[PDB]
Amino acid sequence: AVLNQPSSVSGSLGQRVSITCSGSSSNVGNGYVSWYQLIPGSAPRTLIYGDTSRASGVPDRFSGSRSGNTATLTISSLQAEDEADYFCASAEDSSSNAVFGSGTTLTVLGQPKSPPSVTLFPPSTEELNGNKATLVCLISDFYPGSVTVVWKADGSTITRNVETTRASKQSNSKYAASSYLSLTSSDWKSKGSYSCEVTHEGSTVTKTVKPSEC
Amino acid sequence: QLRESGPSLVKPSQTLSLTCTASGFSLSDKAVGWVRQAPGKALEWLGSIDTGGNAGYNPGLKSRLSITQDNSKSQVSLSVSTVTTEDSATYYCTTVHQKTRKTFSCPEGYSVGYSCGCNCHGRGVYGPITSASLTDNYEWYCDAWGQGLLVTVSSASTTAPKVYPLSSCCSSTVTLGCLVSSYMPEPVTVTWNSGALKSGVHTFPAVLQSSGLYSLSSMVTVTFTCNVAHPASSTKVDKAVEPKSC
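Residues numbered from 1 in each chain as written, not as in the entry; some residues may be left out. Chains lettered and ligands numbered in written order. Heavy atoms only, no water. Residues with missing side-chain atoms left out of burial classes, pairs and counts.

Draft legend 1. Representation of the overall build of chain B within the structure. When its secondary structure is counted, chain B shows zero helices and 22 strands. For 246 residues, the compact-globule formula gives about 18 Å, and the C-alpha radius of gyration of chain B, at 26 Å, lies well above that figure. Expressed along its principal axes, the backbone C-alpha trace of chain B runs to roughly 95 × 45 × 40 Å. (Helix = DSSP H or I, 4+ residues; strand = E, 2+ residues; numbered from the N terminus. Rg over C-alpha atoms; globule rule 2.2 N^0.38 Å.)

If you want it as structure tokens, here you go:
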């Protein structure tokens, strides 16, 4: 029902990695495996077909092979743009019945680290007129893609009404995230200071809004 | 360019219907297939309809799938009946390479004879010599891929967003933004100055609140107007963003 792939594969820049695709005689064993590359924000791209043939425009660092019921996608030299989810596939008993692999998330290590840039927006006048107040903490340009966010108000940590997204890769190959503090209008005016504290690789970048000046 | 069109929100136990057309080209001379991916899960084959009008389907889902063409074969439709929350996925339209060849085959440890058109030669239980068999070889792969249409199956109804301007309080770089708040379903598209802003724009992935409406923000590092489009609710808001006068 599904071809087995490793859940994730890691490698550093310029290193060779391989992604296997384990099926059975009914699919992979027939020797016409294809490979697909899924990058967020872009359409899926076909990399390999017929076990070894490269699609148009695909770099020569991608290569495919097959030994019995296991096919392999090989990247000879890793680049940052190669970070994606990779899927194998094959027909089964018909040219219209196909099964995909389980997917392999590829990560390319060794990229240069960078602290997060933090921007904290206060609630707008329009939202405050509706008796609501959302504080918006936007975090960008950090690598690696791991960040811890802490909200504070007059020196006290706020744990309720906080929603934080996971880190997502940007177009410049560094990561982004955002955090939301959903308050009422009266709550926003009761405190004198609100802070978004973003900790990344042991270093904390803090931004603060004061209602008395917004 | 392959384009999938259809609703982004469907109520459970109803029929999800999607259409695929091509821009720059015609689907009439190519086989067209459907592939979907649920969030955090593998790609899943749905089916295809070749140039001969014949439809093939994922066997485990055949009883719920219907893939049809029109008279010109310029547009291809997909129907998924009796949908549940498991049918929430991004649905892709593809062009598919499909060829069935008949070649001679041999058992384990046997090889075909030279220029046969046929007996097999090797060592095994069949003897040194045995007759080859004509077997179908299935060639299949997805060629072109559409951008995909995100479909959410849910009982919650459509909710248009509220767009609020974002501006700092009272610099080297002035940062403004727009908060696309409390909308359903995904997605929304955000541009700035009708696309005249090429760089300095960062739109962040949406968050899903304890409530259950999504919210995202876009910000520009520099009048400025964010163009928020929520096609599901036929909403288009162009919110002017002005920094505080102070």
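Draft legend 2. Geometry of the domain arrangement of chain A. All names here are of chain A. Taken domain by domain, chain A holds domain 1 (1-110) and domain 2 (111-211). Summarising the inter-unit geometry, the C-alpha centres of domain 1 and domain 2 are found 38 Å apart. Opposite the six residues of domain 1 that make contact, domain 2 presents six residues. There are one salt bridge connecting domain 1 and domain 2. Of the charged contacts in the structure, one is a salt bridge between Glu83 and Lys169, with a shortest N-O distance of 2.9 Å. Summed over the shared surface of domain 1 and domain 2, the number is four residue pairs in polar contact. Tallied by class, residues from the side of domain 1 that touches domain 2 come to four nonpolar, one polar and one charged. (Domains from an automatic or database assignment. Contact = heavy atoms within 4.5 Å. Salt bridge = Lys/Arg side-chain N within 4 Å of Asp/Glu carboxyl O. Polar contact = N/O pair within 3.5 Å; in protein donor to acceptor, adjacent residues only side chain to side chain. Nonpolar A, V, L, I, M, F, W, Y, C, P; charged D, E, K, R; others polar.)

Draft legend 3. Local environment of the state of the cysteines. On inspection of all chains with the given rule, the structure shows eight disulfides over all chains. Covalent S-S linkage joins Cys21 of chain A and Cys88 of chain A, the inter-sulfur distance amounting to 2.0 Å. Across the disulfide from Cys21 of chain A to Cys88 of chain A, rotation about the S-S bond amounts to roughly 75°, and the bridge is consequently right-handed. You can see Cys21 of chain A sitting in strand β2 (residues 17-22) and its partner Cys88 of chain A sitting in strand β8 (residues 84-91), a full 67 residues away along the chain. Under the relative-accessibility criterion, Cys88 of chain A is labelled buried at 0%. No disulfide involves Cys142 of chain B; its nearest neighbouring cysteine sulfur is the one of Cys93 of chain B, lying 9.7 Å away. (Disulfide = S-S within 2.5 Å. Buried < 20%, exposed > 50% of the residue type's maximum accessible area, 1.4 Å probe, protein only.)

Draft legend 4. Representation of the interface of chain A and chain B. Chain A puts 47 residues into the contact, and the matching count from chain B is 50 residues. With six residues, the single largest contributor to the side of chain A that touches chain B is strand β12 (residues 132-142) of chain A. Broken down by class, the residue content of the side of chain A that touches chain B amounts to 21 nonpolar, 20 polar and six charged.

Draft legend 5. Spotlight on unusual backbone geometry. Geometrically, the link from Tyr143 of chain A to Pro144 of chain A is a cis peptide bond, its omega value of 0° lying close to zero. Mapped onto the secondary structure, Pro144 of chain A falls in the loop between β12 and β13 (148-153). The peptide bond linking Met184 of chain B to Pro185 of chain B adopts the cis configuration, its omega dihedral lying at 0°. At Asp51 of chain A, a position not held by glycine, the phi torsion is positive, near 70°. Tracing the backbone through its elements, the reader meets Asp51 of chain A in the loop between β4 (45-49) and β5 (53-54). In this structure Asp51 of chain A comes out as buried when scored by relative accessible area, which is 9%. With a phi close to 60°, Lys73 of chain B is a non-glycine residue in the positive phi region. By secondary structure assignment, the location of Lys73 of chain B is in the loop between β7 (65-69) and β8 (76-80).

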